[PDB]
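Input: a single structure, listed below in structure tokens.
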Amino acid sequence: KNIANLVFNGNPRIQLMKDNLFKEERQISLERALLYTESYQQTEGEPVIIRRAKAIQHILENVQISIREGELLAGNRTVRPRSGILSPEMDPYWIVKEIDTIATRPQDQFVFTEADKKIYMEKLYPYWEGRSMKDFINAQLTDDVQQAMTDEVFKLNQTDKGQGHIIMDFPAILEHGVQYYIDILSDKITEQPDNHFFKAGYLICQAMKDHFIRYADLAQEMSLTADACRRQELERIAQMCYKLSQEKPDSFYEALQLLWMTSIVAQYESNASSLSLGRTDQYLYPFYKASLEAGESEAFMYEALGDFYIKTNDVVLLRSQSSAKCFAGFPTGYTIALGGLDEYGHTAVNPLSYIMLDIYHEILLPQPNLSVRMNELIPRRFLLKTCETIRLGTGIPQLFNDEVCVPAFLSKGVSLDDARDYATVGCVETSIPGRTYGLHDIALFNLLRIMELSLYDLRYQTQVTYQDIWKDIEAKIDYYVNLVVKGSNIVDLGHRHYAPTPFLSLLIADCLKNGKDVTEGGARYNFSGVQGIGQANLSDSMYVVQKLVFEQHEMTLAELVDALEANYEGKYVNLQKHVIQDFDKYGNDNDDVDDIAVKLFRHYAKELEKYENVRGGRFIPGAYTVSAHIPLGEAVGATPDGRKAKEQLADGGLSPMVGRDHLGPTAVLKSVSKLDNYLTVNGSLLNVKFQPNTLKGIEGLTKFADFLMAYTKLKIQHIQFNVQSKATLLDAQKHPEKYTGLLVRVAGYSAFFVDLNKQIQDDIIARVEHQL
Ligand SMILES: O=P(O)(O)OC[C@H]1OC[C@@H](O)[C@@H](O)[C@@H]1O
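Going left to right, the sequence shown walks through residues 5 to 776 as the deposited numbering numbers them.
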């Protein structure tokens with residue numbers, strides 16, 4: 005039985021709702037697909053965005069709903085907790101290939117019941133075969149794009165699922181309420197009778213009104229047969245849901261209910277990852293304050309917030325076996341940014357900011373993906389509270405640096421007001437809340453694979469120079485950025501032609517004024533975010549090449565490549581130890597290695613910003629991996645940095661390669677700070693791991709806080725921490741049953757260690773355990 009993350013004296017209601025999420029195993033759910041398909045079978049020939057809205061209305065009107073045990077807030081996608089909602093309208097093929105294996109696959113298992121297997125193949129697969137967004141993307145990708153993907157230079161994401169990766173304008177819905185949108189859309193439809201977007205949004209807002217009423221009627225009915233206390237609670241919920249079916253919220257309790265019901269409707273619409281929450285402490289604090297005045301009771305508001313936190317852990321997204329290699333362990337992305345700056349450039353930390361960290365001490369779940377915005381104005385007490393929470397060892401909260409992120413957005417034309425208000429989509433995809441359509445994880449780009457292709461290409465050139473390799477790598481980066489742009493633009497178009505999101509778009513400036521969905525470019529800011537992965541390995545490898553081959557003349561390029569092709573076996577076993585141990589590695593504050601990373605990623609960034617997306621926006625670079633450093637590593641043979649074939653790439657994005665940082669965590673910060681971190685407007689990612697003993701006591705928190713202030717001044721964009729010992733992680737591999745509660749930080753998200761495939765577990769284990 006489990007000894008990880010045991011909670012002492014937790015709130016009983018919070019702990020009961022938490023436990024209920026995990027009582028039964030995860031099942032695939034076809035309920036959304038079935039309803040979606042029913043609607044679509046009646047709307048042939050209508051505008052896609054109307055078909056979408058009517059299908060979403062049909063889902064909202066007919067989905068089975070319940071109010072689960074102890075809940076203070078209504079709203080769940082599904083009655084059975086943590087269901088994998090299938091989207092055959094995006095891709096009906098992959099589930100067929102895995103129909104008998106998804107229950108026992110290596111990552112992200114789900115039960116596909118026998119009844120549902122037959123239902124899917126009889127009622128859903130024949131309709132969606134040849135009719136899905138995936139079919140369009142298969143047909144549209146050109147030949148060189150496809151060849152780059154078979155050469156495993158880059159992956160394209162969301163070809164088989166909703167787009168997501170967007171923060172709605174929650175402050176707008178919180179101040180207006182549902183009926184306000186119904187009425188303005190009425191007037192918009194009148195003033196522009198040919199605009200389908202307005203009609204689509206009208207339908208969904210109406211169905212959201214009705215969906216509130218469904219829950220209200222259910223609460224009331226349930227109250228009749230409920231214990232003396234629960235009856236009053238269910239009556240309170242009914243009255244709340246009747247009110248919020250139309251009216252703007254007045255209390256914190258109501259704001260949380262409107263906030264999560266909006267999230268539920270958004271999930272029915274797009275069924276995607278990273279419909280993140282933005283600056284929740286900023287836009288809920290006025291409601292928390294207003295409730296305090298008026299005598300609402302901090303203990304009740306605490307429980308309602310705890311309900312909300314548990315709600316975010318009922319959502320897990322279903323994906324294919326190959327997709328689960330890149331995005332393993334349910335990175336759901338209900339990401340919250342805390343603190344930061346206000347419109348005046350003053351600290352935005354407020355009393356709710358502290359509460360939202362403290363409640364997490366009871367939750368210890370992967371969601372919400374809490375994040376603290378750092379700057380020089382952070383109150384010390386809040387900084388120490390952040391450190392105390394990270395020390396719990398779940399990986400949450402992560403940090404974002406206002407010092408980098410604000411100017412980075414200013415770089416791309418974001419106004420000062422909007423850039424000061426940034427928050428985070430998903431893992432590390434910094435974004436402008438309620439104003440951005442960023443395609444924040446549209447593609448993964450394997451920089452080490454490109455270097456490998458270049459070394460093999462030049463392997464027989466006896467006259468090759470080191471500068472020749474560099475130019476070749478830069479030329480291949482140019483070539484492949486061009487292709488990943490063309491492929492991302494196809495996926496971009498796929499979502500526009502198959503899956504506009506009219507409801508969500510209502511809450512994205514400036515879709516309502518422009519009359520356009522986000523998929524048509526209605527958002528104020530339009531990006532497409534492509535991730536450069538493997539740069540620690542790239543600079544480590546090219547440093548060896550430069551030194552071993554061209555300055556020391558130990559081998560020739562051809563002889564070295566022979567050793568790589570041989571996977572350092574046989575007569576090369578000692579060469580491997582030599583390239584690893586006898587040459588400076590990235591992450592040790594050695595300018596000579598580090599500058600290779602600086603210059604090559606700068607070339608990647610500056611190439612991406614030459615390209616437009618199909619919405620008139622700009623491509624932007626990120627440097628993050630999720631769990632893709634495993635599959636992207638598997639696609640690369642041995643490299644001059646000492647990787648054996650198929651070995652992982654450096655985790656996270658900006659992290660040193662596992663085990664290569666020998667000079668402590670501050671030398672890591674110094675390496676990372678040499679990168680031009682203003683370029684990764686799409687987000688970058690630094691994983692550090694601390695030995696738990698090194699953070700204990702008041703002394704540990706003080707060292708920890710000082711470290712985060714050094715991180716801040718060094719203008720590193722993001723950092724996050726694992727706090728677990730090697731012994732605990734090895735024990736969790738050997739006796740998973742003792743550690744079913746154990747959370748570990750992968751890359752921009754936390755996941756249950758025992759549910760991570762061994763290759764990810766082994767990455768996390770091999771990361772250096774630092775001391776302060
Ligand atoms: O395949 P998806 O889930 O759409 O994207 C992959 C991942 O991208 C980066 C993050 O936002 C994650 O939360 C998301 O899961």
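Positions of the beta carbon are idealized from the N, C-alpha and C atoms, including for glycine.
| Item | Value |
| --- | --- |
| Closest Cα partner of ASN571 within the set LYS121, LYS520, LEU511 and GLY646 | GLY646 |
| Residue closest to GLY168, alpha-carbon to alpha-carbon, out of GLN250, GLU773, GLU251 and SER435 | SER435 |
| Outcome for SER301 when other beta-carbon atoms lying within 10 angstroms are tallied against a minimum of 16 | exposed |
| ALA270 versus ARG36: straight-line alpha-carbon distance, rounded | 13 Å |
| CA nearest to the CA of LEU636, picked from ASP318, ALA107 and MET153 | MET153 |
| Counted within 10 angstroms of its Cβ, other Cβ atoms place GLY337 as buried (16 or more) or exposed | buried |
| Minimum C-alpha distance to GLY657 - residue among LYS416, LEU451 and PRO96 | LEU451 |
| Through-space distance from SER509 to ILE53, alpha-carbon basis | 11 Å |
| Cβ neighbours of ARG463 in the same chain (closer than 7 Å, five flanking residues each side left out) | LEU561, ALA562 and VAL565 |
| Reference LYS203; option with closest CA among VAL115, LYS293, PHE507 and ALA107 | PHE507 |
| Buried or exposed by the 16-neighbour rule on C-beta atoms within 10 Å, applied to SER190 | exposed |
| Proximity to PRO740 [Cα-Cα], best of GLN765, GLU73, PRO175 and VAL100 | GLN765 |
| Bridge-paired residues (DSSP) for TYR441 | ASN530 |
| Heavy atom of ligand 1 within 6 Å of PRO370 beta-carbon | no |
| Through-space distance from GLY525 to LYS138, alpha-carbon basis | 21 Å |
| Contact set for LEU579: own chain, Cβ-Cβ below 7 Å, skip 5 residues either direction | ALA567 and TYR572 |
| Run of the beta strand (DSSP E) containing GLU433, from where it starts to where it stops | 433-435 |
| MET94, enclosing alpha helix (DSSP H) - first and last residue | Where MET94 is concerned, there is no enclosing alpha helix (DSSP H), given that its DSSP letter is neither H nor E. |
| Residues bridged to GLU616 [DSSP beta-bridge criterion] | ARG622 |
| Residue burial classification, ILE702 (beta-carbon count within 10 angstroms, cutoff 16) | exposed |
| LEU189 - partner residues in DSSP beta bridges | DSSP lists no partner for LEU189. |
| Whole runs of the beta strand (DSSP E) within the stretch 467-550, excluding any shorter than 3 residues | 529-537 |
| Assigned exposure category for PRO401 - 16 Cβ within 10 Å defines buried | buried |
| Cβ-Cβ distance between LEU248 and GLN261 below 7 Å | yes |
| Secondary structure of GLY704, DSSP reduced to three states | helix |
| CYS409 Cβ short of 6 Å to ligand 1 heavy atom set | no |
| Test item: CB-CB of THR398 and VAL376 under 7 Å | no |
| Proximity of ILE624 and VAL676 at Cβ, strictly below 7 Å | no |
| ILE367 versus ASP112 - alpha carbon distance | 22 Å |
| 4 or more residues per run - each alpha helix (DSSP H) lying fully within the stretch 271-345 | 284-296, 302-316 and 325-330 |
| Which of helix, strand or coil DSSP assigns to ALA204 | helix |
| Alpha helix (DSSP H) segment containing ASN66, residue limits | 52-66 |
| Those residues which DSSP pairs with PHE756 across a bridge | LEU747 |
| Residue from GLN162, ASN686 and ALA119 whose Cα sits closest to the Cα of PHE140 | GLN162 |
| Supposed close pair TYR441, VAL522 - CB separation, criterion 8 Å | 4 Å |
| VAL100 CB to nearest heavy atom of ligand 1 below 6 Å | no |
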